[PDB]
Amino acid sequence: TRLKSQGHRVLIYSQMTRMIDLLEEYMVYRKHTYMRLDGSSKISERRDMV
DNA sequence: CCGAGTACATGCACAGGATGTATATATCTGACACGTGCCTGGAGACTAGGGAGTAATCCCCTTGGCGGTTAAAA
């Protein structure tokens with residue numbers, strides 16, 4: 001929220017995938033758009049997201 | 001000479017990730033699907049005629065039922 005008045009880029013590094021899923025479920029209710037990068041999605045979807 | 005301990009090696013377990021799998025979906029197309037009238041081979045109704053098998057007896061063989069003997073089953 002302090003960075004919201006700033007408006008820079010924020011990246012989250014999580015070792016556990018379940019914490020990334022819970023981070024997407026928690027960030028979805030905050031109306032904050034983001035994307036998840038893991039070893040799950042195909043290189044095409046990761047290439048489009050990148 | 002023996003015991004304690006530190007160090008190196010190792011093995012097992014967990015988590016990530018890649019690849020195989022299977023179903024959900026999309027779409028244009030051969031083929032079921034559906035009128036439109038034809039008609040001619042069928043399908044049935046209506047008299048008349050035929051006929052073979054059902055039904056009842058009844059005579060007559062072929063079954064099913066008695067006691068031993070050894071031969072085959074055990």
# chains A, B, ... in the order shown; residues from 1 in each chain; ligands from 1

call {"tool": "interface_residues", "arguments": {"of": "chain B", "to": "chain A", "cutoff": "10 Å", "atoms": "only C-alpha atoms (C1' of nucleotides)", "output": "list in words"}}
result
residues 15, 16, 17 and 18 of chain B

call {"tool": "select_by_dssp", "arguments": {"residues": "chain A", "states": "alpha helix (DSSP H)", "output": "list in words"}}
result
residues 2, 3, 4, 5, 6, 17, 18, 19, 20, 21, 22, 23, 24, 25, 26, 27, 28, 43, 44, 45, 46, 47, 48 and 49 of chain A

call {"tool": "atom_distance", "arguments": {"atom1": "CA of residue 21 in chain A", "atom2": "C1' of residue 20 in chain B"}}
result
25.1 Å

call {"tool": "residues_around", "arguments": {"residues": "residue 48 in chain A", "least_positions_apart": "6", "cutoff": "12 Å", "atoms": "only C-alpha atoms (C1' of nucleotides)", "output": "list in words"}}
result
residues 35, 37, 41 and 42 of chain A

call {"tool": "write_last_selection", "arguments": {"atoms": "N, CA, C and O atoms", "output": "short mmCIF file (atom, residue, chain, number, x, y, z; two decimals), in the first residue's frame"}}
result
data_model
loop_
_atom_site.label_atom_id
_atom_site.label_comp_id
_atom_site.auth_asym_id
_atom_site.auth_seq_id
_atom_site.Cartn_x
_atom_site.Cartn_y
_atom_site.Cartn_z
N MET A 35 0.39 -12.07 -12.39
CA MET A 35 0.59 -13.31 -13.12
C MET A 35 1.50 -14.23 -12.32
O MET A 35 2.40 -13.77 -11.61
N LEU A 37 4.26 -17.34 -12.20
CA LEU A 37 5.31 -17.99 -12.97
C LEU A 37 5.81 -19.20 -12.19
O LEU A 37 6.39 -19.05 -11.11
N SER A 41 2.76 -24.20 -16.05
CA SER A 41 2.23 -23.78 -17.34
C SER A 41 3.26 -24.01 -18.45
O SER A 41 4.47 -24.07 -18.22
N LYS A 42 2.75 -24.14 -19.67
CA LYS A 42 3.59 -24.43 -20.82
C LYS A 42 4.42 -23.21 -21.21
O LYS A 42 4.12 -22.07 -20.84
#
